[PDB]
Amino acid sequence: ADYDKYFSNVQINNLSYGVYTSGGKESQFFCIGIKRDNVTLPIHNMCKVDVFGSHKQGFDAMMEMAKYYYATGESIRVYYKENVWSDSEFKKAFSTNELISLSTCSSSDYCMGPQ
């Protein structure tokens, strides 16, 4: 798959969770906000969106990992891909980046996962 885009050694400093209807469809989402020690890089938003009635996509597991890392403030690597969501107002708040993977960083020069 496409695991070529990521930010390493970042921290989650914001979370968002919600349910919304758009275009006749009901969804649930969560978004993370990332920072790199108070320098606020070019892309700082990743979301996962789950349309009710779609198949399992690891939404809960992904969300619980995000919540854990937000809680510890740990340095992590965040993998993402482009997913232009369908609510125009949703992309206005959270951009078009879909969270696909989370990894810990045991040191300032190693993060787990593909590179």
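Numbers for residues come from their place in the sequence shown, where the first is 1.
*Asks:* If you average the Cα B factors in the entry, which is higher, 87 to 95 or 6 to 14?
*Replies:* Comparing 6 to 14 with 87 to 95, the higher mean C-alpha B-factor belongs to 87 to 95.
*Asks:* Would 76 to 84 or 59 to 67 have the larger average of its C-alpha temperature factors, as given in the entry?
*Replies:* Taking the mean C-alpha B-factor of 76 to 84 and of 59 to 67, the larger value falls to 76 to 84.
*Asks:* Can you tell me which third, lowest, middle or highest, the CA B-factor of residue 32 falls into for its chain?
*Replies:* It belongs to the lowest third of the chain when residues are ordered by C-alpha B-factor.
*Asks:* With respect to C-alpha B-factor, does residue 103 fall in the lowest, middle or highest third of the chain as deposited?
*Replies:* Middle third by C-alpha B-factor.
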